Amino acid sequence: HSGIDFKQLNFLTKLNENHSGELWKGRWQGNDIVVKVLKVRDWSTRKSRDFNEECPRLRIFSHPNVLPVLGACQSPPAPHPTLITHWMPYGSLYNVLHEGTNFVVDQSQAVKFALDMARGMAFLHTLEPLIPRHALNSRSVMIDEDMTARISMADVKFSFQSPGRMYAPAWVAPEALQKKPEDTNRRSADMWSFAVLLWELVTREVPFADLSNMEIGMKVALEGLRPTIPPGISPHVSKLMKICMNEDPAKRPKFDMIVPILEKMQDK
């Protein structure tokens, strides 16, 4: 549990820089990878220790719809707390749905994505305790070479990583916009996020795209802002979306309950 040696990483090309730090495409020990480099103000020995304790939980190799963190570089001795994960050719679900200049995925593929994500989340929901600060959204699911959707463990926020700032409130349950995690049923909150993903798969639109993140969180939390259920969809898809986005967290289904429903939707 010394982690990955940062010097062994082959940094090939920079993909992004943002509030979190940066992302590079690279190679390590014959793996095509991305390298997430976390920039953290007031880095301390406490935060470093925390990083080294939080990372192991993300190394999940036991489910096809979960994309593990391969490993992390501890800082020190690395320049920055860094983590690595397999490179996914299609990038995020968000990329594929919203930024897909080559092709548009069909509804059968959309149903398979929903099934893949549901299976992955049901698995993650078996963990005790749950992985903290794991938020489900289309940016935090990747699409592999064979169009398999996989929950991105490299998108789980660390305890020191932008605390008190949400960059994807549109997928967050209303209770989760306002209450501390400890004061919510986290599994029900995650089902709300899945309901928004369903809406996103049905509309092929970014939820609340015409609103800033601050507007979204403030209006959903305090003004009752909701996605409008799309017109001209089967009563079955309609009923699924509705129950997953129940205003009452206690009435939302578990992931393991919706899995069989989704399975029948591929091919009854």
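All residue numbers are counted from 1 along the displayed sequence. What we label the rigid core is the largest C-alpha set whose atoms superpose within 1.5 Å from one form to the other.
Here 190-198 and 162-170 are scored by the root mean square distance of their C-alpha atoms in 5 other deposited structures of this protein, with each structure fitted by the rigid core; the higher score goes to 162-170. Once the structures in 5 other deposited structures of this protein are superposed via the core, the pair 88-96 and 129-137 is resolved in favour of 129-137 as the more displaced stretch (C-alpha RMS). Note on 157-165 vs 115-123: mean CA B-factor is higher in 157-165. Of the two stretches examined, 130-138 and 73-81, the record assigns the greater average C-alpha temperature factor to 73-81. For the set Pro231, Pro56, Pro64, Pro207, the PDB entry puts the maximum C-alpha B factor at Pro231.
Residues shown: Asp190, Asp183, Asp106, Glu175. Highest C-alpha temperature factor in the entry: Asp183. In the PDB entry, a CA B factor belonging to the lowest third of its chain's modelled residues is recorded for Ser152. Among the modelled residues of the chain, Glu215 sits in the middle third by CA temperature factor in this PDB entry.
Looking at the C-alpha B-factors along this chain, the one for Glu17 belongs to the middle third. Annotation for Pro68: CA B-factor lies in the lowest third of the chain's modelled residues.
Ranked against the other modelled residues of its chain, the C-alpha B-factor of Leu38 as given in the entry falls in the middle third.
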